[PDB]
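Q: Got an experimental structure here, sequence first:
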Amino acid sequence: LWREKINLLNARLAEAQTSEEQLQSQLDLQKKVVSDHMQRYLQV
Amino acid sequence: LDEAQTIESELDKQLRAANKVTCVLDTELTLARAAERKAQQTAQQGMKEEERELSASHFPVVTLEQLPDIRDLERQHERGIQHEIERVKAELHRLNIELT
Amino acid sequence: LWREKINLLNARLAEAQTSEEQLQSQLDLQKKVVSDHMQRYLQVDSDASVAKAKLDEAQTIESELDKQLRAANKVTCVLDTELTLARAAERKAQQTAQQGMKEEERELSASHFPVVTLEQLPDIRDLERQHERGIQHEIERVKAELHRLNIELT
């Protein structure tokens, strides 16, 4: 049962890690938006 | 720029919450690994085939989510077995009195 | 011991959160440096290229500080999960202890039984099982002697 619990926790941890990666990508996208808006300030 | 810096903070907080969930799951996994190792060493003593048949014929099956509870519930099962064995021992005891 | 564990885990969690707050302040300072280098690129091997390169370096340091803050967050979360488990175990042992013991019973149990330090609290519950084993063994021995006396009496 402890091995089964380990496997279930591994699956849940993988789900949580995928969510964390999605949020990290969103944060990086916001940073890229900041960079794009600075570059617009200079591109004109 | 200012607006995106403001939004960046919120996504950061949500990412921190996700990290908290991940860390909780990792701590649970570590505890499960330790308990797995202990129950493995306890289980390594093993059983012959007839021993496993004997244990199965009275002992119940254990559910996963009560896995840590298997210890207190094991003590409860041990107490039931001990009460029955005590009753049989008392019967033996009375029978020895009668015999003498 | 679980109340003591709750208090000690609260203290350790506070220390971890103070470290997390210091890392957060460092991360904010690195973000301010990032914004400073970011503004130089707005305003100015040229000066703009140097501003861009230093902006990238500041962002790299900011990401490193953020990862360190995440490690501190992991420490804090581990301590918090331990505190929650300690709270649950404390409430359980409290309800078990709420049935109550008389002062005489407490004195006899203390004189007859040991107690274990806080960090070895898991070991105290194993010692409970070992004490149960020994006490039951002595109980059955004395019961056997009682029956031997009963048979002699018979």
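A: The structure has been received and is ready for your questions. Residues are numbered from 1 along each chain as shown, chains lettered A, B, ... in the order given.
Q: check which helix or strand covers the closest residue to chain C within chain A.
A: Using CB to the nearest CB, the single residue of chain A nearest to chain C is residue A:41, 5.5 Å away. All C-beta spots, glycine's among them, are computed from the backbone N, C-alpha and C. Using DSSP states H and E, residue A:41 falls within helix A:2-43.
Q: ok now that helix, how far from the chain's centre?
A: How far helix A:2-43 lies from its chain's middle: 0 Å, per CA atoms, centre = their mean, to the nearest Å.
Q: For that helix, name the packing helices and strands.
A: Contacts defined by 3 or more CB pairs under 8 Å, 6 or more residues apart in numbering or on different chains; DSSP states H and E place helix A:2-43 against helix B:2-43, helix C:2-43.
Q: wait, which of the ones you listed is closest to residue A:34?
A: Relative to residue A:34, the nearest member of the helices and strands packed on helix A:2-43 by CB to CB is helix B:2-43, separated by 4.6 Å.
Q: one step back: could you dump the helices and strands packed on helix A:2-43 to CSV with mean neighbour count?
A: Compiled in CSV, these are given as follows (neighbours: other CB atoms under 10 Å in any protein chain shown):
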stretch, mean neighbour count
helix B:2-43, 16
helix C:2-43, 16
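Q: Residue A:23: which of those helices is closest?
A: Of all the helices and strands packed on helix A:2-43, it is helix B:2-43 that lies closest to residue A:23, at 4.0 Å by CB to CB.
Q: Please name the nearest non-neighbouring residue to the residue of chain A found nearest chain B.
A: Residue nearest to chain B within chain A (CB to the nearest CB): residue A:2, separated by 3.5 Å. Closest residue to residue A:2 in three dimensions, ignoring its sequence neighbours and counting by CB to CB, 6 or more residues apart in numbering or on different chains: residue B:36, at 3.5 Å.
Q: show me the residues around that neighbour that make contact.
A: A:2, A:3, A:5, A:6 (CB atoms under 8 Å, 6 or more residues apart in numbering or on different chains).
Q: Taking the residues you listed together, which two end up most distant?
A: The distance between the two most remote of these (CB to CB) is 7.2 Å, for A:3 and A:5.
Q: ok so, going back, taking helix B:70-99 as reference, get the angle to the helix holding residue A:41.
A: Interaxial angle of helix A:2-43 relative to helix B:70-99 (axes from the mean of the first three to the mean of the last three CA atoms, to 10 degrees): 170 degrees.
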